[PDB]
Each structure stands twice: as structure tokens, then as C-alpha cells.
Ligand SMILES: *[C@@H](O)[C@H](CCO)NC(=O)[C@H](CC(C)C)NC(=S)Nc1ccccc1
Ligand SMILES: [Ca+2]
Ligand SMILES: [Ca+2]
């Protein structure tokens, strides 16, 4: 039932390319400099020096669309300020159902491969099917923008290309709002929380939202752009979207403590305060919980106590997946 974005028809385009023995070349979002940007990603910018658009097949012998699931570890920001989109994609992967509504099953660099992929976005009160060819910006044989921790996996690179396409170029994605991407991925409605004015029931709100599969994001508001992406003393990033990926209570020295888990879409650079991966607090928790919850890995994902979280972060976004009609 999805609208064909720009009347481009995924199955017909793929059937024709296979028939004519060619690879799709997307005339609606060509491998050219207007698709990158005009300013920072302008043609005469040093950011775009040496960029060549390459298909994943031109990059290695065995490219894969999905390796071991479409999971949040597949989301590692490249040279673009699209943290807000990426945080929203990492959150999306927590619920398999809505994930694969955005990223339809069956997509491959083998069976049915004609250099064309497709994704479904919610735009102006309807689901739309957006195609892209798989020419991607690379420099020295490496992806410039989003990439997966798994070097041969391409679904997230292609999803971000499709989202850049609906916005006109990659550069349109620099600076934005996690909610917008949450809504584009879901049809949901977003409610936001000022963490310095949190309702006394906010942790319960978080628990229930994550149970129901809603998308959660958080950030440290900046009011001065010299603070954009500043790293804090405890290794948070300012003006930067994180994904909220879990909320669990632990038994710490016999006491119950509210923890919250989040993920920097960079795929690295984590909190170093209490509850961090190598933090001391973990030694004092139930060993079933420690083994269940704590992973010692530089992967961008970490825990904080809810107490520290509502001190350090300033904004929480919750996207509800089943909104009321109006
Ligand atoms: C994350 O990589 C980027 C870096 C910008 O170059 N940060 C943003 O896009 C932030 C993300 C928020 C704080 C969650 N948003 C910005 S800079 N501005 C903005 C624009 C539109 C709506 C809200 C916020
Ligand atoms: Ca994967
Ligand atoms: Ca970690």
C-alpha cells in the first residue's frame, strides 16, 4: 500500500535492470556533487576532496546487506552531523517489527541484485517506498558516512543514503532533531522531557515506553555553538544525539538503583562516570545482573544511574508507536 516516492517503482525498476543486464542508476539522486551538498559538502570543500561514489561490489568481493541482524552496532557515524538520524536508526533496531517495515526483508547483493535497494519512510501522513542505487561516497575505499562495525555490511549506509535522498542531499542531514527521524520511521508522536524538570514518575515512564517498543533518545542542550560536540569532563558529547537503549534496576549493596542505558551513534566515546563499563559500581551488584547487563566493550553504549542521567543530560524524547488519530 506504500506510495511510490517520485513514482519510482522498486520491483519494476529492478526487473528492467535485470532484463537489460544493467545496474540501476538513480536519476532522482545521482552520484554527483549536488547529492553531497553545497556548503560544507560543497564541490570545492576539502571535506569532499577525493570522494568517489562506489557500489559495495566495487569495494570488496562479498558485500552483504545484513550480517547477523540489522542491530545498533551497525550504526557508526561518519563525517556528517546526522547524529539525530543515526540515534533514531539505532533505537529503531530494538523493535524487529518496525525495523523491517523501514528496511524490508529479502534484500541482497546476490538473488535479484541489480544495484537498487528500497526503504519505507512515513512522510506527510503516508508510508512511501524510496529506492536508491547502491553507489555510496567513499574515500580511499572506505565509506565516508555511516558504516557498520561489520566492514562488509551495507543496509545502514543505504538507509542513510535514502534518508539523505528524501531531504535532497547528505548535507541537509547535518544538524537536526531525533524526533523528526523517530516520526519518519514510525508514524508515532513524540513527547519530550526537560530532565531538570522531570516528573517524579519519569523512570516508570521510561520503563513502560521501552517495554511497549517506543523509541527513546537523549541529548545535552547547548546554547552556544562553540559547545557543539564538545566532550565533557566525564566524556559525554554536547549538542549530540544519543539513543536510549534500555532501563534496568540493579541490586547495589542490597539497595535498588535505577540505571539507564544509552548509545553514542559514533559507536565509540562513552561515559566514564559511575556505572561505566570498567566502573567500580559493578563489583557491588548481583552477579546475575552484572553478567546480564554489563558488557566491557568500546562500542559507544554504556550505563548511567538515572540520578546522574537526569543531572548530565538535559532532554529526553519518547516516540510512541501507536498515537491517537488527531
Ligand atoms: C549530531 O551529530 C549533530 C552535530 C551537528 O553538526 N547534532 C545535532 O544535529 C543536534 C542533535 C540534537 C541536539 C539531539 N541538533 C542540532 S545541532 N540542532 C537542531 C536542529 C533542529 C532541531 C533540533 C536541534
Ligand atoms: Ca549487523
Ligand atoms: Ca561500552
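Counting starts with 1 at the first residue shown.
Looking at the header, which is where the method is noted, we find X-ray crystallography, 2.2 Å.
Heads up, the Cβ atoms here are built off N, Cα and C, so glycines get one too.
Per Swiss-Prot, the feature domain 'Calpain catalytic' maps to 23-322. What Swiss-Prot lists as active site is 83, 240, 264, and the listing cites similarity to another entry. Taken from Swiss-Prot, the feature phosphothreonine applies to 322, supported by similarity to another entry.
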| message | To the nearest Å, how far is the Cα of residue 240 (active site) from the Cα of residue 83 (active site)? | response | 6
| task | Identify which of the following recorded positions, namely 83, 240, 264, 322, place a Cβ less than 6 Å away from any atom of ligand 1, and list them by sequence position. | result | 83, 240
| task | With an 8 Å cut-off on Cβ-Cβ distance and a minimum sequence separation of at least 6, pull the same-chain contacts of residue 264 (active site), or say none. | result | 237, 240, 242, 270, 300, 301
| task | Measure from the CA atom of residue 83 (active site) to the CA atom of residue 322 (phosphothreonine) and give the result in Å, rounded to a whole number. | result | 25
| message | Let me spell it out: for each of the recorded positions (83, 240, 322), count the other Cβ atoms within 10 Å of that residue's Cβ, using every protein chain shown. Which one has the most? | response | 83
